[PDB]
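Shown next, in structure tokens, is the structure this report addresses.
Here Cβ is always computed from backbone atoms with ideal geometry, including for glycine, and neighbour counts include all displayed protein chains. Each value in this text was obtained by applying a stated rule to the coordinates, not by laboratory testing.
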Amino acid sequence: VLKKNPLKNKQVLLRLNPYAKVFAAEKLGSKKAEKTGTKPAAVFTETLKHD
Amino acid sequence: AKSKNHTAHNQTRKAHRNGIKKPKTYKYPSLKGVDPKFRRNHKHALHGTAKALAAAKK
Amino acid sequence: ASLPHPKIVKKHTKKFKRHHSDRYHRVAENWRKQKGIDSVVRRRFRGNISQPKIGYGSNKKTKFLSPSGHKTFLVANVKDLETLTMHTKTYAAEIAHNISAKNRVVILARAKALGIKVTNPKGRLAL
Amino acid sequence: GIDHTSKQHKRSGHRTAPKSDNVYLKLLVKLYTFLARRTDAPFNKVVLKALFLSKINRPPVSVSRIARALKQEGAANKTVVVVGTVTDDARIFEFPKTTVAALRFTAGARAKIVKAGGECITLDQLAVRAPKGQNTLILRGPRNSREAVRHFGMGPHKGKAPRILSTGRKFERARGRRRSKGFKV
Amino acid sequence: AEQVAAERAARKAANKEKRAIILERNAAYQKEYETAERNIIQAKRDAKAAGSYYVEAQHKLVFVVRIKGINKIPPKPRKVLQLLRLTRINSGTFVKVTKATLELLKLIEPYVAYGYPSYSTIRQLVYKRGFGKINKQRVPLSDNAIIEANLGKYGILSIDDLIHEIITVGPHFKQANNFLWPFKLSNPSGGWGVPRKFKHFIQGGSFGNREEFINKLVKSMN
Amino acid sequence: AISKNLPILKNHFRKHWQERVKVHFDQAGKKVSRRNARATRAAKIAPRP
Amino acid sequence: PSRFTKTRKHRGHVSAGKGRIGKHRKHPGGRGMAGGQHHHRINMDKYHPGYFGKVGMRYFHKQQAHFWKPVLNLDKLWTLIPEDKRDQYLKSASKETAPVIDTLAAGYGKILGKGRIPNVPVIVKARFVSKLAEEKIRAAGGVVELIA
RNA sequence: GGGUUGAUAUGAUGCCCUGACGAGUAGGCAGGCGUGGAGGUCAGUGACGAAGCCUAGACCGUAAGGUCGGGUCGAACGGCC
RNA sequence: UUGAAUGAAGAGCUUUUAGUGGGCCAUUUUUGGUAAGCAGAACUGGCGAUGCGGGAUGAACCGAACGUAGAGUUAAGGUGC
RNA sequence: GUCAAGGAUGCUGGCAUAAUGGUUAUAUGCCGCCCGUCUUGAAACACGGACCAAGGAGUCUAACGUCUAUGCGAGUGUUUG
RNA sequence: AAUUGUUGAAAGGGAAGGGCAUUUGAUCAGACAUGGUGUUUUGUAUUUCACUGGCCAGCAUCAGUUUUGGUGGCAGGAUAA
Ligand SMILES: [Mg+2]
Ligand SMILES: [Mg+2]
Ligand SMILES: [Mg+2]
Ligand SMILES: [Mg+2]
Ligand SMILES: [Mg+2]
Ligand SMILES: [Mg+2]
Ligand SMILES: [Mg+2]
Ligand SMILES: [Mg+2]
Ligand SMILES: [Mg+2]
Ligand SMILES: [Mg+2]
Ligand SMILES: [Mg+2]
Ligand SMILES: [Mg+2]
Ligand SMILES: [Mg+2]
Ligand SMILES: [Mg+2]
Ligand SMILES: [Mg+2]
Ligand SMILES: [Mg+2]
Ligand SMILES: [Mg+2]
Ligand SMILES: [Mg+2]
Ligand SMILES: [Mg+2]
Ligand SMILES: [Mg+2]
Ligand SMILES: [Mg+2]
Ligand SMILES: [Mg+2]
Ligand SMILES: [Mg+2]
Ligand SMILES: [Mg+2]
Ligand SMILES: [Mg+2]
Ligand SMILES: [Mg+2]
Ligand SMILES: [Mg+2]
Ligand SMILES: [Mg+2]
Ligand SMILES: [Mg+2]
Ligand SMILES: [Mg+2]
Ligand SMILES: [Mg+2]
Ligand SMILES: [Mg+2]
Ligand SMILES: [Mg+2]
Ligand SMILES: [Mg+2]
Ligand SMILES: [Mg+2]
Ligand SMILES: [Mg+2]
Ligand SMILES: [Mg+2]
Ligand SMILES: [Mg+2]
Ligand SMILES: [Mg+2]
């Protein structure tokens with residue numbers, strides 16, 4: 001009779017999409033990335049800063 | 001009395017109100033305009049083909 | 001008391017009076033659609049009178065209902081009145097305009113005896 | 001504002017009820033509306049649609065047409081269903097034994113069917129003895145054989161029968177109808 | 001009756017199995033979105049470390065919003081808008097980018113604002129404005145069962161499978177996108193920006209390609 | 001004028017035809033008059049048939 | 001029924017269904033069949049070709065009872081035998097008792113052979129026949145007798 | 001576009017579910033309102049007051065209009081098919 | 001994946017008949033003209049037939065086309081009064 | 001079993017009548033050119049209209065076309081008598 | 001009915017009339033009954049009796065659509081500069 005909105009209404013966000021509980025439990029949308037240490041090449045940096 | 005002579009304004013709009021219709025092609029077109037020497041033969045080739053098919057079916 | 005009804009919304013309580021009925025006495029207030037070619041009412045200019053159209057239609061649940069919540073059924077006598085014996089919460093009787101003073105007495109008495117609501121229980125009452 | 005690609009509020013252009021006030025035809029439409037809704041056999045939808053049809057859309061089906069339909073391979077014991085009138089034909093001298101389920105039968109058609117040991121059926125006796133339309137054969141009469149259809153699409157080189165009151169010499173057999181007087185059509 | 005209780009128990013067991021399937025599919029989809037995003041980021045980092053340049057893959061999907069109303073449209077762009085199902089102002093569709101649709105977008109450029117939708121705005125569009133087309137009859141989605149009843153032959157069982165077929169332009173993108181009714185968006189909630197709408201986005205207006213800025217506009221309209 | 005596809009009619013009503021319309025309202029009255037005259041004649045020419 | 005006409009629906013509306021421009025007038029295209037060669041030629045040709053001109057011989061004082069010759073095809077021919085005597089003639093297809101069909105007394109002048117009488121012999125008394133009608137009657141086993 | 005018959009339920013030109021749409025001259029078609037008279041019907045209203053007419057009094061209908069109360073009045077007049 | 005993409009609001013067909021057969025404007029291409037609120041063409045969109053918000057005002061411009069309402073958001077245009 | 005899950009319920013107060021509401025007159029804010037008509041264009045410095053009551057304009061007929069309803073159906077049409 | 005007199009009400013700075021909305025004046029319709037355990041009861045079973053429904057609201061807990069804030073966690077880039 002009435003269109004309840006997921007993105008509100010966590011009951012409808014759990015009726016559709018059973019993974020919303022797992023996403024909200026593991027936080028999964030604020031997850032940290034691995035700190036890699038890649039350094040760009042001197043050709044890229046001097047082309048970027050080149051006049 | 002001077003007035004508008006001819007214009008093609010609104011004619012394409014009226015043409016496309018009920019669409020521009022393609023002439024609805026058919027299997028077995030009419031043999032109007034096809035060569036009469038071909039037609040007279042083709043009548044007999046069809047008659048003999050149907051005769052032979054009826055003989056082979058019965 | 002009647003059946004429980006939704007709140008009655010009328011959507012246009014103002015009477016749809018004809019254009020220039022306020023201006024000419026020959027033009028009565030009964031609504032006529034202006035069919036003129038340059039008519040501002042027909043062309044719906046801002047500031048002009050509203051014209052009756054189907055969007056003003058009453059809600060079907062609350063249509064034909066009086067403010068009491070009853071549909072009015074016109075009653076000429078007791079046999080007309082007892083058609084509403086089992087429909088007292090839905091229909092209210094209303095005695096017709098040409099009924100005698102002495103016959104309105106027995107219509108009103110029988111309607112009180114049956115529980116039927118009368119919407120004009122005061123016409124031709126000797127006081 | 002909506003850019004409409006079609007005509008809004010366009011009716012389907014099909015009859016949803018007969019235009020007749022025949023109470024028995026309204027009863028038959030009631031029965032076949034139930035049988036079209038609740039059975040999901042295509043025969044009942046076809047028969048319900050055909051009950052709506054007008055008199056020029058229900059041409060009479062001759063008993064010779066019925067007999068020619070029963071002369072089909074394996075169709076000899078089917079129930080011939082004519083949503084319309086079944087008319088007699090004296091041109092056929094041998095009518096078989098069959099079950100015909102029609103709206104109306106003429107007296108000659110009914111006599112010819114029951115003389116050969118057949119049986120004339122109304123469309124509700126058909127509905128109780130074949131509710132899914134099992135073993136049936138719907139027959140339709142010829143629509144373009146009507147006299148009005150001769151004059152339809154009249155124009156040059158169409159060969160389509162001028163609307164005329166009196167027919168003969170002096171009545172449209174002249175300029176426009178032969179090479180000698182003017183031109184040919 | 002007892003047979004009716006048996007059918008109720010069978011229906012609840014089937015519903016739990018379908019929800020387990022949907023849950024594991026959504027977990028797999030989240031894993032592949034995360035790994036594709038990390039892989040593109042690390043490919044850019046790796047090319048910058050090698051001294052090269054990683055050219056990103058060209059965008060496979062646009063979201064197109066009709067920003068211009070109904071009157072005074074020429075017949076060829078009007079026909080292209082009707083073929084892209086943008087029949088009223090602030091209607092949006094997803095369009096698969098190939099050459100056969102880029103020349104449609106070039107034809108209707110003064111009347112639409114289009115760009116490259118992200119997963120977040122696709123998810124919010126299908127979650128809030130998502131409606132189906134079932135007996136044409138515009139059914140609100142609201143349930144994975146009505147997506148399984150119509151797109152289930154293509155393997156789409158849920159609103160997230162439907163989102164996945166859009167964001168990764170799948171084999172059944174055409175059927176999923178045509179199942180989706182055109183999104184009836186509102187006017188943007190903070191305005192358009194842009195004092196005048198009908199110049200190009202480059203020229204300070206709204207129309208045309210708005211490459212990754214369509215998400216801001218569509219989230220304001222949603 | 002001559003207009004759409006319709007048969008050509010020869011309605012001969014270009015005279016003062018309304019001065020010569022004979023409507024037979026008296027069909028029933030003249031039937032009763034004929035029967036009265038037959039009965040009257042038979043009584044006059046009794047037994048003759 | 002005057003109430004079902006569209007005059008009663010055109011009450012209130014100015015031009016009464018006839019137009020504000022076209023403005024229903026007396027006789028704007030002529031009166032009758034006027035201008036069938038000039039301004040209605042596109043209607044006379046196209047839907048009435050042949051209206052103008054002469055075709056052949058005039059017949060002075062035609063009597064249509066000279067030309068009275070109603071045609072009865074052979075696919076009927078047994079409707080002229082009454083319905084209850086018909087079946088006992090159909091069975092026992094016999095010479096020396098063959099049904100005599102006076103066709104002039106039924107009101108026909110010519111017999112045509114449109115098709116397929118049964119193989120029962122009949123005497124057919126007829127003013128005229130066609131060749132195929134004669135062949136089909138003699139093939140079924142009867143004979144045509146000419147009367148006048 | 002559908003649902004609804006082994007008390008649907010006795011409103012199946014019904015009731016209900018679903019979705020979309022609604023500008024308009026000339027024009028077309030549909031559904032209705034009103035008038036004079038006719039067949040039927042309500043064993044309808046009426047000298048204890050019919051019709052009419054007046055009424056910045058009331059009610060119903062989107063509207064055509066319908067209904068009622070009061071005044072005036074004096075012999076007839078309505079509802080429905 | 002039966003031989004590109006996109007859409008399809010159902011597709012195809014028939015009969016019958018109303019009105020109309022004075023047009024006008026605008027961007028672009030144009031002919032006659034010194035030019036025009038001139039006369040004449042091409043394609044489109046409009047006005048006629050059409051209200052609404054803006055251009056103070058205006059048939060045609062801009063925005064946007066209209067059932068009856070509520071709330072939100074905007075378009076074109078604006079924000080000293 | 002409960003729930004925020006296929007659309008509002010719980011608790012409380014005042015009044016119980018002109019208080020809410022209706023009609024009506026007026027005032028205020030903003031809007032609102034006189035209708036009909038011919039016209040590409042009408043508020044026009046185009047035409048008709050001083051006001052009111054009653055009357056007042058697609059009718060009937062002969063012969064037909066399409067469509068539809070009905071009766072009978074290779075037949076059909078009793079009503080000239 | 002046009003048109004007019006009197007009386008009563010009202011408004012009135014180069015028209016009047018009209019639309020939406022409310023103030024003010026005038027005027028008017030609609031609803032408290034109800035089912036109810038309860039007998040302090042008279043005509044001994046009539047009846048003894050705080051419940052209920054009409055109008056306007058206040059708060060709380062929700063649902064839908066929105067608008068406006070506060071704040072937290074991540075990601076990217078020259079792994080900002
Ligand atoms: Mg809804
Ligand atoms: Mg009203
Ligand atoms: Mg009104
Ligand atoms: Mg009037
Ligand atoms: Mg105009
Ligand atoms: Mg704001
Ligand atoms: Mg009218
Ligand atoms: Mg009109
Ligand atoms: Mg006129
Ligand atoms: Mg002779
Ligand atoms: Mg309309
Ligand atoms: Mg009458
Ligand atoms: Mg009486
Ligand atoms: Mg009276
Ligand atoms: Mg008055
Ligand atoms: Mg008297
Ligand atoms: Mg009356
Ligand atoms: Mg002309
Ligand atoms: Mg001209
Ligand atoms: Mg003209
Ligand atoms: Mg030049
Ligand atoms: Mg206009
Ligand atoms: Mg404007
Ligand atoms: Mg502006
Ligand atoms: Mg200006
Ligand atoms: Mg300004
Ligand atoms: Mg522009
Ligand atoms: Mg608003
Ligand atoms: Mg009161
Ligand atoms: Mg108030
Ligand atoms: Mg003003
Ligand atoms: Mg005009
Ligand atoms: Mg004017
Ligand atoms: Mg004058
Ligand atoms: Mg005058
Ligand atoms: Mg009058
Ligand atoms: Mg007066
Ligand atoms: Mg003065
Ligand atoms: Mg809330």
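Can you tell me the orientation of helix G:131-140 relative to chain G, as the angle in degrees between its alpha-carbon axis and the longest Cα principal axis, to the nearest 10?
Long axis of G:131-140 versus the principal axis of chain G: about 40 degrees.
If you average the alpha carbon positions of the stretch E:64-93 and of the stretch G:2-68, how far apart do those two centres end up, in angstrom?
If we compute the Cα centre of each part, the gap is 49 Å.
Between the alpha-carbon centers of the stretch C:70-88 and the stretch D:1-36, tell me the distance in whole angstrom.
With the stretch C:70-88 and the stretch D:1-36 each reduced to a Cα centre, they are spaced 37 Å.
To the nearest 500 deg cm²/dmol, what mean residue ellipticity at 222 nm is calculated for chain E from DSSP H runs of n ≥ 4 alone, each contributing -39,500 (n - 2.57), summed and divided by the residues?
-15500 deg cm²/dmol
Let me check against my output: what whole-number percent is the relative contact order of the stretch D:1-135, with C-alpha pairs under 8 Å and at least 6 apart?
20 percent
About its Cα centre, how strong a charge dipole does chain F have in debye, to the nearest 20, once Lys and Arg get +1 and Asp and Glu get -1 at the Cβ?
260 debye
Note the angle between two axes, namely the Cα long axis of helix B:36-57 and the longest principal axis of the Cα atoms of chain B, as a number of degrees from 0 to 90, rounded to the nearest 10.
Here the helix axis deviates by roughly 50 degrees.
Which cross-chain or sequence-distant (5 or more) residues have an amide H under 5 Å from the amide H of D:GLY118, H modelled 1.01 Å from N in plane?
Sorted by chain and number, the residues that satisfy this are D:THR98.
Relative contact order of chain E, please, whole-number percent, based on alpha carbon pairs below 8 angstrom and at least 6 residues apart. Before the final figure, lay out each step's value.
Values: 286 pairs, mean separation 47.3, N = 222.
21 percent.
What average number of partner chain Cβ atoms lie no more than 10 Å from the Cβ of the residues making up D:168-180? Present the calculation step by step, with values, prior to reporting the outcome.
On the way: counts 1, 6, 7, 5, 9, 7, 7, 10, 9, 6, 4, 0, 2.
Across D:168-180, the average partner-chain Cβ count within 10 Å equals 6.
Quick one: among E:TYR53, E:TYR154, E:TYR127, which has the greatest mean-square fluctuation in a GNM of chain E with alpha-carbon springs under 10 angstrom?
E:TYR53
Please say if the stretch D:146-185 is rounded, prolate or oblate, where rounded means a/c under 1.5 for a ≥ b ≥ c the square roots of the C-alpha gyration tensor eigenvalues, and otherwise the choice is prolate for a/b larger than b/c and oblate otherwise?
The shape class here is oblate.
Taking the alpha-carbon centroid of each part, what is the distance from the stretch D:153-182 to the stretch B:10-26 in angstrom?
Here the two parts' Cα centres lie 31 Å apart.
For the stretch D:29-99, what does the alpha-carbon gyration tensor say about shape, rounded, prolate or oblate, given a ≥ b ≥ c as the root eigenvalues, a/c under 1.5 as rounded, and a/b over b/c as prolate?
oblate
For the protein assembly as shown, rounded, prolate or oblate, judged on the Cα gyration tensor with a ≥ b ≥ c (square roots of eigenvalues), a/c < 1.5 rounded, else prolate if a/b > b/c?
Prolate, since a/c reaches 1.5 and a/b exceeds b/c.
Tell me which of A:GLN11, G:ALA106, E:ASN209 sits at the most positive position along the dipole axis of the protein assembly as shown, charges placed on C-beta atoms (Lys, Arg +1; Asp, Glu -1).
Among A:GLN11, G:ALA106, E:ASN209, the one farthest towards the positive end of the dipole of the protein assembly as shown is G:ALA106.
Neighbouring Cβ atoms within 10 Å as the yardstick, rank C:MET86, E:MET221, D:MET154 fewest first. Walk me through the numbers on the way to the answer.
Numbers: C:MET86 10, E:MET221 22, D:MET154 17.
Going from sparsest to densest Cβ surroundings: C:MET86, D:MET154, E:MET221.
List every DSSP H helix in chain D whose Cα atoms extend 18 Å or more along the helix's own long axis and whose mean Kyte-Doolittle hydropathy is at least 0.5.
D:23-39
Please name which of E:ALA36, E:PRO77, E:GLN3 has its Cα lying farthest along the dipole of the stretch E:1-91 towards the positive end, using unit charges on Cβ (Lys, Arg +1; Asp, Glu -1) and the Cα centre as origin.
It is E:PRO77, whose Cα lies furthest towards the positive end.
Which value in nm describes the separation of the simple spin-label points at C:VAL106 and E:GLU212, placed 7 Å from the Cα toward the beta carbon?
Result: 9.3 nm between the two label points.
If you look for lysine pairs in chain A that are eight or more places apart or on different chains, how many of them have Cα atoms under 24 Å apart?
13
What is the set of long-range amide H partners of G:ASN73 at a cut-off below 5 Å, with H atoms built 1.01 Å from backbone N?
Those qualifying (amide H under 5 Å, at least 5 residues apart or on another chain) are G:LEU112.
For helix C:101-114, what angle does its Cα long axis make with the longest principal axis of chain C, in degrees from 0 to 90 and rounded to 10?
Between the helix axis and the principal axis of chain C, the angle is about 80 degrees.
In what sequence, highest mean first, do E:138-151, D:155-168 appear when ranked by Cβ atoms within 10 angstrom?
E:138-151, D:155-168
Quickly work out the G:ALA105-to-E:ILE21 label distance, labels modelled 7 Å from Cα along the C-beta direction, and quote it in nm with one decimal.
Taking the two extended label points, one gets 8.7 nm.
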